[PDB]
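Here it is: the structure, laid out below.
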Amino acid sequence: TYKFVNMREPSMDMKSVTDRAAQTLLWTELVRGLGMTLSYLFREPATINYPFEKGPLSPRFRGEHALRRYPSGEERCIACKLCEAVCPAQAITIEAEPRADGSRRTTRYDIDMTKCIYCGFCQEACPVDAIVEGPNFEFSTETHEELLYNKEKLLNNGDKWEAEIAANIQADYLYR
Amino acid sequence: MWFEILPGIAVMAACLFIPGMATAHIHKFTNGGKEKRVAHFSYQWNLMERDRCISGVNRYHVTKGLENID
Amino acid sequence: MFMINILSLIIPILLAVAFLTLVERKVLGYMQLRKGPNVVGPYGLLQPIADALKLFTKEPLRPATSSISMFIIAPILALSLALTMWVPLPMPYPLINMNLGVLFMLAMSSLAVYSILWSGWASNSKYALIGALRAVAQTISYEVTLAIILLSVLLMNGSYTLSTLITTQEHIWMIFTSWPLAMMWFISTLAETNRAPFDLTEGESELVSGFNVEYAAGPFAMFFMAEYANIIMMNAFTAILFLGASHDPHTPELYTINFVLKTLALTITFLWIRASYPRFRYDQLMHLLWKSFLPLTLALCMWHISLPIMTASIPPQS
Amino acid sequence: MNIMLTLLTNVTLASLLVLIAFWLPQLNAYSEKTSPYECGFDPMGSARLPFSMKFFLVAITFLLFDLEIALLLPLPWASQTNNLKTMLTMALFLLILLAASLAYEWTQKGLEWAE
Amino acid sequence: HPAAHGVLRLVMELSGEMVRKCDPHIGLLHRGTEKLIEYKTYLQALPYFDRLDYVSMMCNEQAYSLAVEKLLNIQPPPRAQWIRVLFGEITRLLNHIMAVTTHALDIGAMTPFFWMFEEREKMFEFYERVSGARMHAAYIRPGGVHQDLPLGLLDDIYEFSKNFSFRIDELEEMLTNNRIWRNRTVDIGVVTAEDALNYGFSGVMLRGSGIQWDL
Amino acid sequence: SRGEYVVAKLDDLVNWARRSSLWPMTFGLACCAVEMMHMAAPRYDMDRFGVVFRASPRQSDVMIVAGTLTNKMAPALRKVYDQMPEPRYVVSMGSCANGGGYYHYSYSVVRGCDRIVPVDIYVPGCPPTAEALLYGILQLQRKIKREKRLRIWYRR
Amino acid sequence: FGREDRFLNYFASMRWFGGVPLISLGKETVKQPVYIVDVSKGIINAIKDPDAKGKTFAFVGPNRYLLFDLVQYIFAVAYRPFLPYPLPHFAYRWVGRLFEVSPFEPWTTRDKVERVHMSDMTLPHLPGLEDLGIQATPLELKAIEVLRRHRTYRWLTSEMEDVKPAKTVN
Amino acid sequence: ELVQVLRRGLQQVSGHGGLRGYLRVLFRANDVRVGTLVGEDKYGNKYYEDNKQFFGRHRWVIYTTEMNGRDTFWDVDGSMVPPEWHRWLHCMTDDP
């Protein structure tokens, strides 16, 4: 079905004509708009007091990346390159080799945060929950080179944010 | 809330008080504590000139009366 | 002592202009559900000072194609006339008591038009030229209507002296006498000061900053100060002309307080209108004044010529 | 005298503000910074080329009506005359002729901008 | 230019202020999305569709998902389809708020922009709760949707939808019967139905011309 | 020393005004400009901090490069940057301005606006949230606070 | 000489002080300026040249000009009215001493006046840009880059070949 | 009533520990609201809650005046919050 948005004709009785003439000569709808703006003036503003107040976020939020560890301290990443394969933006670079104890571990794990589109495919494709997109979003830098993270930086991020990362993954892992 | 607009309006009002009050005070200061004489016409100007002449101090606002006629 | 009086008239006006900028930002913020400046100082009280310092410590550039002499003169003319418009205003005592205080206002406003035209032309850019010509059309329409409305209302007064306006409004308000002329006068003052819905000389949506697109740093701040001083001065003139405060010769501070309160009310109404309405098209602005205001203005001028005669209420000449 | 002093004070203050603006800050000028502004691209033509005015007739009518209001301005003093009937007749005559001019132009389409 | 949406170069011939011709110059935001999509796979090409019309993001995602599912010969489940339709309508509300308020801002009104953008902020919160991204969700995918809704989302969407008609009413109080708005918008850019159909217009363009068509 | 103290106080005054009155140019290229609108919106009111959008580059202090810079747009971006009078700052917002972004390996895109203009702050994200952009603006303000132009000049 | 140089801008900014003061009217000074891009290219090639390790080069332009001819050409390219007048050396030194009291960057100094009056030496024994593989760019090809900024709007769009080259002293 | 509003303002003045504390919070936080103290971290940041305020403004933080080795009396970042209070403040959970 459909409806007409503008198809009505005004009534031509003398009362209606006088009302329209009064609206023309006395700016009734203009004063009505003034009243609406005044009502908003006396309402309460919706502004939060940043940086002392922060907007709501969810466990699913995708912010800065991090590399996680098992409770033993061992790295979760096994250098399987599934994140590198799935990355839409080709922002992950990975190189691996057997460790001194024979483990399958990475020697290079880079993420270009200026190429990353923060889509979260890498943490969907990770089979061991190693790479995650943490809750941090305030990490703007002063030089471009500081945004080209490497393995040491990502492990530092994981160590700094592990508590919150663990809590978010616990909250949201039953939807996955 | 909306009452945080008031201090700016208060400052602007305080700024707008200064010109008029200053003009009134300076008018009374330079005219012997009285209103500055309005001379919109030649008659009023001639009255001011005569007041200057009779004062003896070359100031129209120094008013003289019966103690001066006798 | 007169130089001290001139300074006492100038400096408070500039301070009021800065805090009018702050007040407009905060009023618009609260009408738009925001807060406006509240970080720079207590309730954003140092915001105008920060902006003024930034503008006058920034670099001003002269465009390679500009005519430098009239590029510089235009802000000087604008600010000088903005400061000059205040000298005949009685609050309750004018700095300069003129027999024809109203014609002086009209002449100085018509002169202050040319700052926009010369800044737009001397800038030598297409957007500046478009803003200048929008100013030409706007001045055409508002000028004719303003002159007729002032003639009628001052015809209810008896002369062109603003102190005589105070004496006339001793008992009631000219707005109670002549509210239709009051409405048309308010709209014409909006068009004259280039305020929304008539901010067409500097229309950000159509032109990138209009006539002062090429102005930077200090010379831009001078245009801003001139515009806001004109806003306050026109609201002060409207308050004196239509909302007459009571005057006590022995305590003139009461008139000053009443005058300031009425002026602030009208200025905040200007800000309210800017928040509330869209922008006109300048051809529609020309058609509004000529085809709607001018006929009613001429009819009301005839009515207000005839009314004192037919009722034997002709005001005294002095 | 006082008005001359006031005008001198205002002009001097504005000129001092311009002088401070153009001499206090650090200046760096080069041909790209001082180029004319046209939204990021170069202007095709010149800003000094003729710019058609679609309201050329309204401007001439404005000249004539401006001098009409110049005629009308001395009315407040004209109301103090003993010949009130003659004064009222001539005032209404001028206003009616102004209305007639407006009506003639409006009906003959002088108020419509050129296309 | 404020009214050029950032990357439009309109080369206009003006006689005074009358427009003699409009010569749009586009390509200032041409990236090569189609070439890149050729180089990506079907899952890797979905965010490209997120970033095409960055005001109706789940709508672009839905179009891509419908196409890929049609070629794959599969069917999304009913709950996935209902989530898709619900978020398509939420996205339509977001887009229409943006369109109307930006149009009014170009005309000269700004307070409706601010009010309806607070509403847009709440709908962004819904997006972020389902997806983790405020605008580029990448949530609707070929085969259904990526994840399921959290356990308060429907109640919060109900609250928002319950309180939104008043916002539309306040927006209409400032524009619909405003004589300045009507002078600016009435009899401007009139397009006939035959011209719309030949030129290939779709949506509100056709429906304003009077054509009874909706996909 | 007296002169050292005076120049320190003077540049503190000059830096305070510049950091407290920031006037970005209205310059948005792509989806990142919607998050800039939401920073302007009531929830994170930017005008509260003293940050006001101006249309003319001559009256702008900050350029927020928000969106993908293409080869057909790079001359225009450089032109408006040049027409900004000094002191002037650049904040590159989002992946497309920081580096290539999703469009890094493309024939039509400039891999970072820092190839065209000097960038002062880099805000990462696709798009950065309004809070992230606000954090970048405050970081820019703190960077302005550390400028010592008069202190360098006095010892120069 | 280049866009940000002192040389052409020093001579072209003297239009503010009425005429152009020249010592001996600039008839006793011979100068061959060099282009900034040639200088930088030579500096780069000296790094890459393995047989320039412990050497001394002289970077000079192709053409030698008298100072009067050079300044007259500068003003012709800038389209400014050239009104040169003689100024005795002691008076010019006094003027230069006046301008060097500036706390900021001075407009001119006494040593600047001495360097301007001094003729450029001829050192045929030292290697040069040709020896580093650089063909020196004549001033007549790059002067309009620097001096077009100093033109007025009346003359901004004038082309490069519109001004006849100055007389050289070779 | 205006009297109630003024009394609540005076309570806010007295709720921060004298006029000096009120001015300090006004100048370094631009707000003078008073809420219950949820807790305090090891760096000195204090965390307050007020459920009567609308969502978004019901939790806030007063940053410390010295974190690590930086004098943070005026320059306060949004990144000064440790991750647990970061989660609490951004409302990813209801449990402090």
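All chains are identified by letter, namely A, B, C, D, E, F, G and H, in their written order; residue positions are counted from 1 within each chain.
The criterion applied here is as follows: a residue touches a chain if its C-beta (ideal position, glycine included) is under 8 Å from a C-beta of that chain, and two chains touch if they have at least 3 such contacts.
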| item | value |
| --- | --- |
| Joint neighbours of chain G and chain F, given as chain labels | C, D |
| Central subunit by CA centre of mass proxy | F |
| Centre-of-Cα separation between chain F and chain A, whole angstrom | 22 |
| Separation of chain C from chain E, taking each centre as the mean of its C-alpha atoms, in whole Å | 42 |
| Chain F and chain H, separation of their C-alpha mean positions in angstrom | 29 |
| Whole-Å separation of chain centres (CA-atom averages), chain C against chain H | 44 |
| Interface hub residues of chain A, defined as touching at least two other chains | 30, 33, 36-37, 40-41, 44-48, 50-51, 54-58, 61, 88, 117-119, 138-139 |
| Junction residues of chain H - those touching two or more other chains | 30, 56, 77-79 |
| Numbers and ranges of chain E residues touching at least 2 other chains | 1-2, 9, 17, 47, 111, 114-115, 118, 136, 174, 178 |
| Interchain pairs in contact, sorted by label | A-B, A-C, A-E, A-F, A-H, B-C, C-D, C-E, C-F, C-G, C-H, D-E, D-F, D-G, E-F, F-H |
| Residues on chain F engaged by chain A in the complex (per definition of touch) | 42-45, 48, 95, 98-102, 104-105, 112, 114, 119-126, 128-132, 134-136, 138-139, 143 |
| Touching residues (chain side chain F, partner chain C) in the complex | 13-14, 16-18, 20-21, 42, 45, 47-50, 54-56, 58-59, 61, 85-87 |
| Contact set on chain B toward chain A in their complex | 1-2 |
| In the complex with chain C, residue positions of chain D that touch it | 2-3, 5-7, 9-11, 13-15, 17-18, 20-22, 24-29, 31, 33-39, 43, 47-48, 51, 53-55, 58-59, 62, 65-66, 69, 72-73, 75-77, 79-80, 84, 88, 91-92, 95, 98-99, 102, 106, 111, 113 |
| Contact footprint of chain C on chain B as seen in their complex | 2, 4-5, 7-9, 11-13, 15-24, 26-27, 29-30, 35-36, 38, 40-41 |
